[PDB]
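Note sheet for the following structure.
In the working numbering, the protein residues as written are 4 to 118.
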């Protein structure tokens, strides 16, 4: 049937506890902007396999989508060095772009504006 989560539940109930299966289910929550529900699920995955670069990139989106500007800032700052340590320039730059855009809002309320 429809919904990736629903069909995955079948194989999860078969005792096939795999790495990517944790991530895919979490992505669906984040895509639906259900970052609140995503947080516990993604956190559970990071406990088992914290070396998944793509997950770091979603985590950053999680905090900003939740509505925590400070959390989003700290998240990208944390994941940046993680991506650096993994040598994944693509992820570093991807997260960096969002981190800049977030700063532009800080620039407004916290007057980090160029003027």
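Using N, Cα and C, we set each Cβ at its ideal position, and we do this for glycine too.
- Shortest Cα-Cα distance from residue 44 to any of 4, 25 and 54 involves 25.
- Restricting attention to 56, 57, 79 and 58, the CA atom closest to the CA of residue 67 is found in 79.
- The beta carbon of residue 11 sits closer than 8 Å to the beta carbons of 24, 27 and 28 from its chain, once the five residues preceding and following it are set aside; these are given in chain order.
- Cα atoms of residue 91 and residue 56: separation of roughly 8 Å, rounded to the nearest angstrom.
- Burial is judged here by how many other beta carbons sit within 10 angstroms of a residue's own beta carbon; residue 70 has fewer than 16 and is exposed.
- Counting C-beta pairs closer than 8 Å gives three or more between the stretch 90–106 and the stretch 46–65, which meets the contact rule.
- The alpha carbon of residue 34 has as its nearest neighbour, out of 118, 61 and 108, the alpha carbon of 61.
- Taken in chain order, the complete alpha helix (DSSP H) segments of 4 or more residues contained in the stretch 49–115 are 56–69, 72–89 and 92–112.
- One Cα belongs to residue 6, the other to residue 31, and the distance between them is close to 9 Å.
- Within a 10 Å sphere around the beta-carbon of residue 19 sit fewer than 16 other beta-carbons, which makes this residue exposed.
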